[PDB]
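To keep things clear, I will list the structure first and then write my remarks on it.
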Ligand SMILES: *[C@@H]1O[C@H](CO)[C@@H](O[C@@H]2O[C@H](CO)[C@@H](O)[C@H](O)[C@H]2NC(C)=O)[C@H](O)[C@H]1NC(C)=O
Ligand SMILES: *[C@@H]1O[C@H](CO)[C@@H](O[C@@H]2O[C@H](CO)[C@@H](O)[C@H](O)[C@H]2NC(C)=O)[C@H](O)[C@H]1NC(C)=O
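Protein chains in written order, with the deposited numbering: chain D, 1 to 108; chain E, 1 to 108; chain F, 1 to 108; chain H, 19 to 85, 103 to 464; chain G, 19 to 85, 103 to 464; chain I, 19 to 85, 103 to 464; chain A, 1 to 52, 52A, 53 to 82, 82A to 82C, 83 to 100, 100A to 100D, 101 to 111; chain B, 1 to 52, 52A, 53 to 82, 82A to 82C, 83 to 100, 100A to 100D, 101 to 111; chain C, 1 to 52, 52A, 53 to 82, 82A to 82C, 83 to 100, 100A to 100D, 101 to 111.
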């Protein structure tokens, strides 16, 4: 199965900061990567599909890019509601392996 | 439409001289160029078709060459009956634009 | 027709020696070469077909190689029963021209 | 569209179809000039160019080596006429004088009209791309018979241009010189559009044909003329649609059976198929392959038609009283079957079979009574006979029921012990 | 396999065939996304990329321009029903709302199920390889409208990926939007196996179908939906085999002729074809093209079947005494012929013809007596009628002879019906 | 050629055709060796070579997954016999011992004869180009599973050699293992010419066959044997033309409608089709697709023939007095139609329809009288019935009129014609 | 937009069997599949299994193979997940999500409120 | 070889309409088209228009669009050119020539003797 | 394995005609061809001719064209070679061998014991 490694594991940022999250596939998965937002105690929310297409109702500040084995989630201006754990998921193989997740925390 | 520019416009030559007339197409017309002889007060006479094929009854002294955009009419030995205006015509587009003509005059 | 030239014409060798026989085609015949063993006063015996495939019942000490024009018969360890004339044959054209033959003689 | 259900004869008549009738053939001769490939030789052994070149010479060489049931009476006669007419025209074209004239006619242009010695005017079109390429490229590239050149672009280009030629030869070889249809290789969409534009028809007919460029291909065919030097010559017969948009209708029927004392008085209209009015005459098309639908338009070949008297329409109005001989079958054996119509279906449900109607949303809705029943596509989405499910049409239109008495009930099976086929009503009575 | 020769009727019945009955259609919509090829232009003259590109635009433009004899009664009805059902479903799919929904449905995946406004559920599959390549390569490679780039690998790549698309358009164009079969370009082996795996059938039926993937293709067909922007949309109807492995048998017969006082009393059973039991009902398949054999399995289309009473089997047991109306045909004219069966052949040998059987090893073995003779494939390898040689089958199986007085010997010497057609056994006697 | 118009029966007989009769089948087994493609792997992602290679593995994997009316009586029997005979032979070939023997037989040569366990001798031909090229070039090129190599010439070469193999698999897959014809991919022109040269026939028959190589393809077919390791095995059945150049003729007829006491009862000869003399016997070919013309030569399949007595020719001489039972039909329904013959046309014209003949030079020349009229291709260029124009043949030949009073004048004494169909004249009398 | 309602939190003793429900609403349930994902405290997202509501086919990861039984009632649009041989370490939040209908993977666009399962 | 005979010289007043004739001879008129070319004194050859004698279709350059009406009598093999809204500047020699039958261009191999039109 | 038995040694006077026999055994004669090869004393192997036992077709080298007549009796599986216009220089050992059935060449896998022909 394709192992999915997210980096970094935790990132501390302030409101308005540009946030960048990376996801690495062990083998080429073209553009079949999905991104989910999972706030603690809340159900996961899909953010990006097919590496770059913004989901309906997702604020335009979220953008997805990349192809093949390396994919990156970029937040143009972090809002208070964006502090959550983010998980990437490959939608290339049947197993749909999830990333270990990236926690976005408030910068002290 | 394809503009057809003949050069030179007038040429003074003596009997037996080698005459060269050029015709330029504004775009590629492959080999679809025709040549006509037009004596004053007489109707035009077709000389060359498809850039190089000699028309039936045309003396062998007339020869046509060239391809693409640039085409040349060459008279191997100018005879008294050859002093006339010559017009090139592209047979590539529907408009069949004529050249402005080249007048062959007796060299003083 | 394709002319077949064998080389050398005669080879003197001792038991256990490595024997190498060459066959040249005047034009490419791919791999369609056959080898025959012809002992004096005995009928010819097929040794190799399609340049390298060993015939049934032929000792494994015999091996064939080559392609195109230049083909070579190699005997890994010459036995007393191998002293005979050898002929190559092209199996590419209808005429199936034979080589002039190579005589394997006992080394004095 | 208007579909009328006839309880009088367990049949349906569907009106409102438009007519697209083939009235003639337009002969188009094509000269695919291959060029002087015979003098090209490869002496440096196997190579990419040689592989295509040897195939080309092989293809060229190979081409040298090739050169009163109304429906049962008519089926294929139109097809035979089309081929025969093409062959009759082809023999005229095969004269060396006509090949020479056409070649001369096309010497100065890519398209010219030539009058054959037999007087037929044919439109000739020249294909020159291959002859140009090879001569001005491949031929030259091949220097001192060396074909394994490092310029792979040359080899790829050659393989690209010869694709059409190899396909044309393949189709004729595989079809022994007579193809069943006009592939894209025989006549491209651009070539067809140009050819259609020059057809001797009204502007309205041309417009309709230009919108249905794809349909024209299916009714035409190609014939190989022969190989004359370095030019391959073949002819394409294009259908001429001289009559368009004329009232057409289709008649469908199912077995009308009446169980009297166990015996079944069965009745079957053999007059099924397409009918079209033309200049006040009625043309009948009895063979399945001669008429094809596209929406409201039915494409029929006039060469397949049999003229019938106008009174034949009376079989759909008062077949029981009309003086017209409506040829129909009459037997004792009942046949249960579904006859799908454009706006519905005839369901012949008799003793021994279970019939029901249903929808994709609700499933089984209601059981059907015994006898001939007409089901609209609005009352149900699917019809089920025992275990056999028939999918209903989703065409929109008006449905009408013309109430009447089945001529089958008029028949007395007890007094009718005869299995007859296409015997009108005279024998049935 | 068991073949029984019926001396009573000069016919043979072969049992042990298994049934593979098509019960439905699974609608699969495919969206071949071509991409924004329209904005690509080549201004640097003729080039390899331009040639394929111009052909691609031509193909896309071309596609925009396109959008009571049982056997005679039933033949094509199933085919007409299959096409009509597809067309009925296609009209539903043609709605812009459904195309928009399907495109949206496939926005996030390559395969999704959508319910049409007409309520039918269809499986949609996305083909994206071409759109990816072009956009992420060809489009970019083409810099400032220059197409004669030295990177031949780009040109070769483009020619390779467009091969499927050009083939799909070619098949629909050549077939005027309705293909007779599912080529590899319409649905690859991988796509078909996946589609089959989603079919609403039992695991056993799926397994049988997976092993015979090639047979599934031959009964299906494709229909062009239309061109919506940069995506070509077409639909494929896959056969649903809802009934499998049910007892089927085939009946073959030859002319049974008896000669009394020089006169001929001939009788020929026309109840020939495939018959299968299903849920205790007997389904008759009268048309040649509706049933195809593969070993012990006979593939028949249920839409082509006509339900017949169970008593019809009695025609193979006691046709002379049974009350069932076994329909046959007769004629004061004898016809000599060979009817090849799976396990043998019926040899009708009458006056005026020489008949013999032979083997490849012995040649002529013995002459056959006049009348209807059954020859097993063990007694001889070949049968010869005058100069006509018939090759015998090499299938293995059991052969049995059911002795009986020929029905033709029970004719009426006083008067024999002449050239009877579409009649019954009683009518002949 | 000689065409005789028979006023007595409103029919024409055309003589002078030569016979090219298929008497047998020559079984040729081909072994297309693909090689050890299974062990080739591409680990460097998508590449041009990988695309063809994956397709090749897919194609190879896919192939593993596949493995009383005369005319109505005979139609398809010959075709069924051809397939059945091939299948019978195929089962013999499927034995592992025979495949092993053939593979061994072809170990030392590209062509050898092997005798199957069933005793049939079959000619085996080896195709090795693909196996050699891949092993000597492509296999070495793929180093350490890396397929995206810069040597584009290797990729182009691979795509070129696999073209035949992919086409062979495609045709069998699309045809479920039984192709309708022998394409160039199944057997090239060189292979066919060589195969024909080995046929067990006289030198004259071989010569005729070599000139008509293209016709041989159309009557043959290919059958997939199976996949055994890295070699694809298939069989081709070539037609054996054991009888050539024997007198053939064709009979065509049109309805002889005679109005008698308000009864337009028509008489139509149904004995239409091709007839050929062979060894003094007359062979009748009732099915349209079994005989095809090429000039004076008519290609008919002897397996489709039904032997008829020599007296059947009398129906063309004195049908009204001959003791032979001629095949005709007796229906009151009047039928106006054109029956195009090789050297002319029969024009059935009756009250109600307008009939005229015309030429391109004069247009309408004269109106035709009611009844059966024969028009030579010299008297006019075209025939027009109402609005239907029929193009006349331009074949050259002799025309003769055999005068006689129409039998239809007395065929029905206005005595219950009973719209008889496919009946003897005596029944109508 | 479709909604998913999961059962409430459950506390069970080791070794017992638990059955979790997933009710679908506001969407055509029969056109999709249900995927099950769990989150162990302090761990990431782990796939538990998938069921096609159209065909009923199931697939499971190796750690859940044979332990989980999935059912999908198309009449009530309600999925149920039954996990067998519960261990203390299986205490986690199990989420049901709208998965693909078929073999093609897709992102999960509808999520349940989640069910806390305590062992 | 075919011959073309044009009408004699014509003098007309400004604004009038002139109709010029072109009679074809010695060739199968119905198999070709007629092209019209004029020469203004001191100017070059200018295309005036074309008519297909087979189909009757016409095409005109923008300076003659709507002003010229072309007809082709196949029975007499005579072409006619009618030029409307004549101006003083339209005084020129108008030549008729055997043009292409169809959309494919071709050189003009037969020419009329020419007609001087004076405005 | 198949065997080939040739006739015994023959001595003939110049200009006579000789007929040599070649009997095949232990193999299906009708499935192969018979090739003839000779060895002149002190010379190499020379092809004499070939006959197909299946089709009877023959091919000959230019020095033997018209001089040699080959026949193949499938009933007795025996080949015969008749060499005409014998010369003193034709004294050589003539060998028959199992040749190809058809036009495809093959190696000769069965050989006769050889026949010494003395002129
Ligand atoms: C495949 O490999 C063969 C063998 O190396 C190539 O054959 C040679 O071609 C060259 C160049 O013309 C010659 O000099 C040699 O004599 C050939 N050798 C042999 C053994 O035939 C062949 O060209 C290669 N072709 C492809 C398609 O890759
Ligand atoms: C078509 O475009 C893709 C995407 O740009 C190319 O794939 C890239 O190849 C490069 C160079 O080796 C890599 O660094 C990338 O990781 C690849 N990206 C992707 C998305 O696969 C591909 O090579 C191009 N093809 C051609 C023929 O130019």
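For each residue, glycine too, the CB sits at the ideal point set by N, CA and C.
| CB contact check: residue 54 (chain A) to chain G, cutoff 8 Å | yes
| field | Contact belief for residue 52 (chain I) with residue 266 (chain I) at Cβ below 8 Å, rounded distance in angstroms | value | 7 Å
| message | Excluding the 5 residues flanking residue 32 (chain D) on each side, which residues of the same chain have their C-beta closer than 8 Å to its C-beta? | response | 50, 51, 90, 91, 92
| task | Could you confirm whether any beta carbon from chain H is found closer than 8 Å to the beta carbon of residue 49 (chain E)? | result | yes
| Touch test, the stretch 133-150 of chain I against the stretch 399-416 of chain G, Cβ-Cβ under 8 Å, three pairs minimum | no
| field | residue 270 (chain G) beta carbon less than 8 Å from that of residue 116 (chain G) | value | no
| message | Which same chain residues end up closer than 8 Å to residue 429 (chain H) when comparing Cβ atoms and leaving out the 5 residues on each side of it in sequence? | response | 412
| field | Supposed contact pair residue 24 (chain B) and residue 4 (chain B) - C-beta distance, whole angstroms, cut 8 Å | value | 6 Å
| said: Taking the alpha-carbon of residue 169 (chain H) as reference, which of H:160, H:184, H:189, H:158 has the nearest alpha-carbon? | reply: H:189
| query | Which whole-angstrom value describes the C-beta separation of residue 228 (chain I) and residue 248 (chain I), a residue pair presumed to lie in contact below a C-beta threshold of 8 Å? | reply | 7 Å
| message | For the stretch 214-242 of chain H, list every residue whose C-beta sits within 8 Å of some C-beta in chain I, in sequence order. | response | none
| query | Hey, out of I:452, I:235, I:295, I:255, whose CA is closest to residue 217 (chain I)'s CA? | reply | I:255
| Short check: CB of residue 312 (chain H) to CB of residue 276 (chain H), under 8 Å? | no
| field | Candidates E:73, E:80, E:94, E:81, of which the one nearest residue 87 (chain E) by Cα | value | E:73
| request: With a threshold of 16 other CB atoms inside 10 Å of the CB of residue 68 (chain H), please say whether the residue is buried or exposed. | output: buried
| field | Status (buried if at least 16 other CB within 10 Å, exposed otherwise) for residue 15 (chain A) | value | exposed
| request: Drop a sphere of 10 angstroms on the beta-carbon of residue 441 (chain H), count the other beta-carbons inside from all chains shown, and report buried for 16 or more, exposed for fewer. | output: buried
| request: Find out if the Cβ-Cβ distance for the pair residue 317 (chain I), residue 345 (chain I) is shorter than 8 Å. | output: yes
| query | Cβ-heavy atom distance between residue 168 (chain I) and ligand 1 below 7 Å? | reply | yes
| Which partner residues does residue 332 (chain G) have in the DSSP bridge list? | G:36, G:329
| residue 420 (chain G) lies in the beta strand (DSSP E); which residues open and close that run? | 417-420
| said: Check whether chain B comes within 8 Å of residue 47 (chain H), counting only Cβ atoms and requiring the distance to be less than that. | reply: no
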